[PDB]
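J.: So that we are looking at the same thing, I have put the structure below in structure tokens.
Backbone-built Cβ (ideal geometry, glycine too); neighbour counts: all protein chains shown. Every number in this text was worked out from the coordinates using simple rules, so none of it is lab data.
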Amino acid sequence: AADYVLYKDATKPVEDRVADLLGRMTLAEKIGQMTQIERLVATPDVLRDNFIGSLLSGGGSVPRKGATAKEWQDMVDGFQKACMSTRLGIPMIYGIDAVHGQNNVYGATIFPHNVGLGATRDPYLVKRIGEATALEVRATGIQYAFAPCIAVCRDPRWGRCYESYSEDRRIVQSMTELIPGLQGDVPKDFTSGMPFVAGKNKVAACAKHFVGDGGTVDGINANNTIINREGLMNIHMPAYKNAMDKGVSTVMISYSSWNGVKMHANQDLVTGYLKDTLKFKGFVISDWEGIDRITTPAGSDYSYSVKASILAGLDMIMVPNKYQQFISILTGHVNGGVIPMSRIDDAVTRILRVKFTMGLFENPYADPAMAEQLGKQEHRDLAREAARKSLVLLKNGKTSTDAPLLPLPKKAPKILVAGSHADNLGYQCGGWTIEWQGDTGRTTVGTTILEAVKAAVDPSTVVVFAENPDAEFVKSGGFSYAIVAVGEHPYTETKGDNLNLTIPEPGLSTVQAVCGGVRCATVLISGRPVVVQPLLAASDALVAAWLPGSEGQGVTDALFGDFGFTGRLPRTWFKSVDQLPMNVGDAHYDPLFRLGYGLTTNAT
Ligand SMILES: *[C@@H]1O[C@H](CO)[C@@H](O)[C@H](O)[C@H]1NC(C)=O
Ligand SMILES: *[C@@H]1O[C@H](CO)[C@@H](O)[C@H](O)[C@H]1NC(C)=O
Ligand SMILES: *[C@@H]1O[C@H](CO)[C@@H](O)[C@H](O)[C@H]1NC(C)=O
Ligand SMILES: OC[C@H]1O[C@@H](O)[C@H](O)[C@@H](O)[C@@H]1O
Ligand SMILES: OC[C@H]1O[C@@H](O)[C@H](O)[C@@H](O)[C@@H]1O
């Protein structure tokens, strides 16, 4: 008709649609695209009136506890309907931290955290996990995942070290395969730096956090990374170029500083390097109150935060609450000439480029036939395979002449499963699982270590559970062997920053009591290397299981010899925290276990 609007015509080239829509937009409509808000402050009027571009769920931001996939779809579609009702009918994009599966959602498959995936040295397995995670995120109506974290964690005292595949940038680079899993494979022609998402069964990805998040002093989270440019480029930057080659749609900026310059205010790196040198053409998003945190105290000159960030080259702001103040301030700056219209139009071009490329104008709403992808058994099988491949066997016998303890026999008259982490699903998942910080106990659907033991063993095997048994209990029990599981409690971000890296009690004391009475395999649950010589000295066998997720059977698959141990350390294991930082390749390199170490077993 001559009611035709070029931007709404799905047969037209993305760039022509972007230009067409951009040319029609008011300032308010443009700045609205640049604003991401929390679901917690969203309403239909707020979305319509402020022309909002994006919404997110932060860690723990859910419609309710226990919500079904359908509840999520209906929430997301309620917000979209309001956005589609604007004058221009620009669909919002909804983001979430789906960083080891669709991990805020009850019943979602929970994969091993990144450090364990690094142990697999299996980029294809990580691609398959991206694929499955895309399906589980679209199950809930969500179109955008804030992953992967491509930090290169150079000191395990950092609370986010588990979100890093490896201290070795080459392993992190290999694991950028998550990207084309989440988003689809890019076409043969593809230009490096262009955004890509295949369509409605994939999600937009986010390479985070740009750049040097893993390089901070003493592993202090969100702190300063002191390193010359050569080292920034040799260690922290290279996986970002792999991400551009694979069409990553967005990039999130780090809270951290580089030689004292806040990343959220770094024009040279965000615009000079990422955009102008790597030729990134997707959108750049802030972290959560990242612009606020440019100043100290945070939020003490929000006007400056806005100016600095948007001049630096950020495109979309994760406000996420004070939207009215953000929009008002940015509007003032453009009205005054402080921020030119060229900058606004660039940010909006990039946001719209991602939205059109990914099909969001053609499929703004959820597909209810996708809901049943959540927690699907084929995905649990994949997570079980990833958990097993992530395990690193550190010791299997106290002397070189002992019978190797693992693999254990499935038939025995009576066995003991013990420890604070043997029957606790939340501990085995760690942080970013249902809550931001994670949680304790049966927080979602899965199989604990105890549960997996009872599922694996011969029917005649009697399984006894005791969380913290004393030495007498064990010696009197008539046990053939024991499986004892201990380690770190869940943590995320600054909460996990830890200068001592010693596991909480009772952990060691239980291992001591158990191993002192019966031959024992110790399963260590952690986000990183921790002080381990005492646990080793007590144990016949010891496994570094990292944070393996919902599928505890991956642990028993290897314990009982269904598969051999194959994982290798993706990080150095230190002897003492006084050595840190200490990485493969330094001068004073004196590891307990070097990067790449891992004992093997043969199946059956
Ligand atoms: C690093 O942390 C120190 C110690 O708390 C703090 O005072 C300093 O401002 C931080 N620096 C950053 C975040 O750049
Ligand atoms: C070791 O660090 C953790 C968290 O930072 C703390 O819970 C534990 O009690 C610490 N002990 C110290 C700093 O002496
Ligand atoms: C596993 O197989 C390889 C040879 O195929 C051998 O080197 C290793 O020692 C074997 N261990 C056992 C228990 O068979
Ligand atoms: O209060 C918890 C919230 O605080 C923020 O700092 C976290 O990043 C969000 O992901 C989370 O929803
Ligand atoms: O949940 C939103 C954001 O919260 C921030 O605290 C984290 O640093 C990001 O990794 C995360 O995507």
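J.: Specify the inter-centroid distance of segment 459-509 and segment 243-295, based on alpha-carbon positions, in whole Å.
T.: Segment 459-509 and segment 243-295 have Cα centres spaced 42 Å from each other.
J.: Now, a different point. Taking 45 Å as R0, compute the FRET efficiency from the Cβ-Cβ separation of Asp346 and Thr600 and round it to 0.05.
T.: Using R0 = 45 Å, I get an efficiency of 0.30.
J.: Please list, ordered by chain and number, the residues whose modelled amide H lies under 5 Å from the amide H of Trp432; skip anything fewer than 5 residues away on the same chain.
T.: Amide H neighbours of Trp432: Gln437, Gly438.
J.: What does the convex hull of the alpha-carbon atoms of segment 25-373 project to on average, in nm²?
T.: Result: a mean projected hull area of 15.9 nm².
J.: Would you mind checking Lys70/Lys208; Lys188/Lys275; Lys200/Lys389; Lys275/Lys307; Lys202/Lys279 for any pair whose Cα atoms are more than 25 angstrom apart?
T.: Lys70/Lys208; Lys200/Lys389
J.: Dividing the Cα radius of gyration by the Kirkwood radius, what Rg/Rh value follows for segment 301-346?
T.: A ratio of 0.92.
J.: Students often forget the sequence filter, so: which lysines lie under 25 Å Cα-Cα from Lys475 once same-chain residues fewer than 8 apart are removed?
T.: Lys395, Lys398, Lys410, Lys411, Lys414, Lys454
J.: Enumerate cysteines in the chain without a disulfide-compatible partner, where compatibility requires another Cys Cβ under 4.7 angstrom.
T.: Unpaired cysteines in the chain: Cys83, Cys149, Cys206, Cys429.
J.: Using the Kirkwood radius over Cα pairs, work out the Stokes-Einstein diffusion coefficient for segment 1-129 at 37 °C and 0.692 mPa s, in µm²/s as a whole number.
T.: 191 µm²/s
J.: Follow-up question, since we're still on this one. Kindly list the residues of segment 524-559 that lie in the label zone of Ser576, defined by a backbone N under 19 Å from the point 7 Å along the Cα-to-C-beta vector.
T.: Zone members listed by number: 529-537.
J.: Can you give the Rg to Rh ratio of segment 86-195, both from alpha-carbon atoms, with Rh computed by the Kirkwood formula?
T.: Dividing the radius of gyration by the Kirkwood radius yields 1.02.
J.: Please list, in chain and number order, the residues 5+ apart from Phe465 or on another chain whose amide H is under 5 Å from its amide H, with Hs placed from the backbone.
T.: Long-range HN contacts for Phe465: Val417.
J.: Right, here's the next one. How big, in percent, is the set of alpha carbon pairs in the chain lying more than 43 Å apart?
T.: Cα-Cα pairs of the chain separated by over 43 Å account for 22 percent.
J.: Further question on the same structure: With each run of n ≥ 4 DSSP H residues scored as -39500 (n - 2.57), what mean residue ellipticity at 222 nm is computed for the chain after dividing by its residue count and rounding to the nearest 500 deg cm²/dmol?
T.: Helix contribution divided over all residues of the chain: -8500 deg cm²/dmol.
J.: Between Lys279 and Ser509, what is the spin-label point distance in nm, taking each point 7 Å from the Cα along the Cα→C-beta axis?
T.: Result for the modelled spin labels: 6.2 nm.
J.: While we're here: Using alpha carbons only, how many angstrom separate the centre of segment 41-75 from the centre of segment 553-604?
T.: A separation of 41 Å, based on Cα centres.
J.: Name the residues whose placed amide hydrogens come within less than 5 Å of the amide hydrogen of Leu55, ignoring near sequence neighbours (fewer than 5 apart) on the same chain.
T.: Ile37, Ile93, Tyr94, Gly95
J.: Test of the criteria: in segment 525-597, which trypsin sites (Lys or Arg not before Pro) are in a DSSP loop and have at most 15 other Cβ atoms within 10 angstrom of their Cβ?
T.: Here the trypsin sites (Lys or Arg not before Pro) that fit, given the DSSP loop and packing criteria, are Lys575, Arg594.
J.: If you plug each phi of segment 441-458 into the Karplus form 6.51 cos²θ - 1.76 cosθ + 1.60 with θ = phi - 60°, what whole-Hz ³J(HN,Hα) values come out, in order, with x for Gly and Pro?
T.: Values, residue by residue: x, 8, 8, 7, 8, x, 10, 6, 5, 5, 4, 5, 5, 5, 6, 8, 6, 4 Hz.
J.: Separation between the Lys322 and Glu362 pseudo-spin-labels, each 7 Å from Cα along Cα→Cβ, expressed in nm?
T.: So the two model labels end up 4.1 nm from each other.
J.: What does the net charge come to around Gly299 if you take all other residues with beta carbon closer than 12 Å to its beta carbon, with K and R at +1 and D and E at -1?
T.: Charge balance near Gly299 sits at -1.
J.: On to the next question. Given axes a ≥ b ≥ c from the Cα gyration tensor, I'd like to know whether segment 514-561 is rounded (a/c under 1.5), prolate (a/b larger than b/c) or oblate.
T.: Values: a/c = 2.73, a/b = 1.25, b/c = 2.19.
Note, shape of segment 514-561 comes out oblate.
J.: Oh, and also: Explain nothing, just compute: Karplus ³J(HN,Hα) = 6.51 cos²θ - 1.76 cosθ + 1.60, θ = phi - 60°, for every residue of segment 298-312 in order, whole Hz, x for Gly and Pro.
T.: Values, residue by residue: 4, x, 8, 8, 5, 3, 5, 3, 5, 4, 4, 5, 5, 5, 5 Hz.
J.: Give a residue-ordered list of calculated ³J(HN,Hα) values for segment 265-271 (Karplus: 6.51 cos²θ - 1.76 cosθ + 1.60, θ = phi - 60°; whole Hz; x for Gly, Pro).
T.: With the stated coefficients, segment 265-271 comes to 10, 8, 4, 4, 7, 6, 9 Hz.
J.: Return the Rg/Rh ratio of segment 458-604 with Cα-based radii and a Kirkwood Rh. All intermediate terms of the calculation are to be shown ahead of the outcome.
T.: Numbers: Rg = 16.4 Å, Rh = 16.8 Å.
With Rg and the Kirkwood Rh in hand, the quotient comes to 0.98.
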